[PDB]
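Worksheet: the structure to be examined is printed underneath.
Below, read A as the first sequence line, B as the second, and so on, with proteins coming before strands; counting in each chain starts at 1.
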Amino acid sequence: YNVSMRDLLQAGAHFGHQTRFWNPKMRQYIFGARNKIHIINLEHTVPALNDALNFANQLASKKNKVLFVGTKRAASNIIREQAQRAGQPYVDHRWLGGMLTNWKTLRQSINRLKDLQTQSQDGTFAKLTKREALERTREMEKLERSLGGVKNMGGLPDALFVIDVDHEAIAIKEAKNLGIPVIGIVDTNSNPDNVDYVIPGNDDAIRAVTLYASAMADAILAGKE
RNA sequence: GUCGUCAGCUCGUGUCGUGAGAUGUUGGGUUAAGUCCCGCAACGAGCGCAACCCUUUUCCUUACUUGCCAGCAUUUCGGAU
């Protein structure tokens, strides 16, 4: 399931953002700049990626939980497919404030969505008229769109996998508050302070995030115990 | 009585602040209305608004007197009989 770095170079993980937006805390991984943008050297990318894959493998083996989080328009469908075929919950859409630190109140909306799914399997809408059916379907739509990811999961996940740490900084803070480890993809214009396993690489490239999430899903599938 | 039939007034978990506090309740449209929809460290609730009450506008059922008179008959031409 390892990438070696053939595929990383092919996908384009080395590319980064412009030199005027960089965070001075990535100087170790900056390596150099071919043009006005930075180029992270994959020499540092591959070992951290391998360790992240091994850690995901070990958690999958001991049955511990990892949540998936990527909310960018580029990575939304990618994490959709990968979390679906890896059988883990996900946050494809916006992170809700306090989803982890205030899980008790979110369980109520989780139960509401699950009960509404049971009602959808039921037939009460046949007795009700078309209008109230149209609304109840639209609350169905909004709650599924917001928190349809985490309905199956019943507790705090034992780890987080973050596509863009700068975009999902709130989830990073909540995970730090509750002690949950985080493995995340970090680019040049990002802060790696609060991430336990810092893998540096590009996040804008759809093919690169596809590679990362496919590697993660393959690791969890290959846990197989 | 009045502001004034003005549209607002609050509470519980979670975050920020040493703190009193803030957030939610803000921002974009819309409405008679904190009425409804989006985004958004917020996630949820109560009293307010609206509806439930009375009256008016169309039709149906039940009811046929002290109220009614389309058809029939008698009329002093008055449903008078």
Side-chain angles (χ1 to χ4, degrees), chain A residues 1-16 26 28-29 31 39-92 95 149-150 152-153 155-168 171-172 175 179-188 190 192 194-225:
Chain A
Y1 33 73
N2 306 43
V3 196
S4 150
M5 71 93 42
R6 325 320 74 200
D7 310 5
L8 285 170
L9 217 176
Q10 288 271 332
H14 62 287
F15 290 125
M26 305 282 282
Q28 304 143 30
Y29 325 101
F31 167 77
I39 287 90
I40 324 107
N41 53 341
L42 302 325
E43 161 75 9
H44 284 118
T45 310
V46 316
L49 193 33
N50 293 342
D51 301 296
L53 295 177
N54 298 338
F55 178 78
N57 265 331
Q58 298 157 16
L59 289 284
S61 297
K62 54 184 133 308
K63 327 205 92 53
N64 285 341
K65 226 296 199 183
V66 46
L67 181 63
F68 275 48
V69 291
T71 77
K72 319 172 56 84
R73 263 193 201 261
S76 200
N77 68 89
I78 283 90
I79 53 92
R80 197 79 305 281
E81 292 143 19
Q82 309 298 36
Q84 280 285 33
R85 56 66 64 91
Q88 297 289 41
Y90 59 92
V91 181
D92 48 36
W95 190 262
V150 278
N152 48 328
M153 155 159 69
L156 279 36
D158 284 337
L160 257 79
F161 163 67
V162 176
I163 277 304
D164 195 355
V165 314
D166 228 23
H167 201 278
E168 278 98 46
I172 304 307
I180 281 79
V182 172
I183 56 140
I185 311 307
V186 56
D187 208 340
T188 52
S190 282
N194 308 299
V195 154
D196 312 40
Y197 296 85
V198 184
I199 135 135
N202 189 7
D203 47 304
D204 288 27
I206 58 135
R207 55 181 299 190
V209 48
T210 299
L211 179 151
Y212 299 138
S214 303
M216 200 61 12
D218 292 351
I220 197 193
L221 278 165
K224 48 84 208 164
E225 60 209 42

Inset, instruction - Go through A:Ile185 and A:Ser190 one step at a time and tell me if the side chain to side chain contact (heavy atoms under 4.5 Å, CB included) criterion holds. - result: CA-CA 10 Å; A:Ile185 311 307; A:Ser190 282; over 6 Å; no
Any idea which heavy atoms bring [X] and [Y] closest together, and the distance?
| X | Y | result |
| --- | --- | --- |
| A:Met216 | A:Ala52 | CE-O, 4.3 Å |
| A:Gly16 | A:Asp187 | CA-OD1, 3.8 Å |
| A:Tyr90 | A:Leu67 | N-CD1, 3.6 Å |
| A:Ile172 | A:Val182 | CD1-CG1, 3.7 Å |

Inset, instruction - Take A:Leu8 and A:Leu211 through the side chain to side chain contact (heavy atoms under 4.5 Å, CB included) test and state the conclusion after the steps. - result: CA-CA 8 Å; A:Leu8 285 170; A:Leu211 179 151; 3.7 Å; yes
At what distance, to the nearest 0.5 angstrom, does [atom1] of [X] lie from [atom2] of [Y]?
| X | Y | atom1 | atom2 | answer |
| --- | --- | --- | --- | --- |
| A:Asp158 | A:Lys63 | CG | NZ | 13.0 Å |
| A:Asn202 | A:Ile40 | CG | CD1 | 6.0 Å |
| A:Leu42 | A:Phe31 | CG | CZ | 10.0 Å |
| A:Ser4 | A:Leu49 | OG | CG | 11.0 Å |
| A:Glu168 | A:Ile163 | CD | CD1 | 8.5 Å |
| A:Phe68 | A:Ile78 | CZ | CD1 | 13.0 Å |

Legend entry - A:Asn194 side chain near A:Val165 side chain, heavy-atom distance below 4.5 Å: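 In short, these two side chains do not touch, never coming nearer than 4.5 Å.
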Inset, instruction - List in chain and number order the residues that pass ring-ring contact (aromatic ring centres under 6.0 Å, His included) with A:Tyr212, two or more places apart in sequence or in another chain; answer none if no residue qualifies. - result: none
Inset, instruction - Report the residues that fulfil ring-ring contact (aromatic ring centres under 6.0 Å, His included) with A:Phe55, sequence neighbours left out, ordered by chain and then residue number. - result: A:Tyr197
Inset, instruction - Mind running side chain to side chain contact (heavy atoms under 4.5 Å, CB included) on A:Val162 and A:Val195 for me, showing each step along the way? - result: CA-CA 9 Å; A:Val162 176; A:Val195 154; over 6 Å; no
So, using side chain to side chain donor-acceptor pair (under 3.5 Å) as the criterion, who are the partners of [X] when residues are at least two apart?
| X | value |
| --- | --- |
| A:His167 | A:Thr71 |
| A:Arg73 | none |
| A:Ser61 | none |

Inset, instruction - Write out all pairs satisfying salt bridge (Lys or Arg N to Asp or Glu O under 4.0 Å) with one or both partners inside residues 211-225 of chain A, taking only residues at least two apart or from two chains. - result: A:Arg85-A:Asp218
Tell me every residue that passes side-chain contact (heavy atoms from CB on, under 4.5 Å) with [X], counting only those two or more places apart in sequence or in another chain.
| X | value |
| --- | --- |
| A:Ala86 | A:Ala217, A:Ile220 |
| A:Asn77 | A:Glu81 |
| A:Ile180 | A:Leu160, A:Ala175, A:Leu178 |
| A:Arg207 | A:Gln10, A:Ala11, A:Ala205 |

Inset, instruction - Could you check A:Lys65 against A:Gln88 for side chain to side chain contact (heavy atoms under 4.5 Å, CB included), going step by step and ending with a plain yes or no? - result: CA-CA 8 Å; A:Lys65 226 296 199 183; A:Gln88 297 289 41; 3.1 Å; yes
Inset, instruction - Count the heavy atoms of every other residue, nucleotide or ligand shown that sit under 6.0 Å from CZ of A:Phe15, and state whether that count exceeds 12. - result: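 No, the 6.0 Å shell around CZ holds no more than 12 heavy atoms from other groups.
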Inset, instruction - Using a cut-off of 6.0 Å, state whether more than 12 heavy atoms not belonging to A:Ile39 lie near its atom CD1. - result: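 Enclosed: over 12 neighbouring heavy atoms sit under 6.0 Å from CD1 of A:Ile39.
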Inset, instruction - Provide the full list of side chain to side chain donor-acceptor pair (under 3.5 Å) pairs with a residue in residues 40-57 of chain A, sequence neighbours left out, each pair given once. - result: A:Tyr1-A:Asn57, A:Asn2-A:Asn50, A:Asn41-A:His44
Legend entry - Residues that A:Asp203 engages under salt bridge (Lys or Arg N to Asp or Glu O under 4.0 Å), provided they are two or more places apart: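 In terms of salt bridge (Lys or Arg N to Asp or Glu O under 4.0 Å), with neighbours along the sequence ignored, A:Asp203 is linked to A:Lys72.
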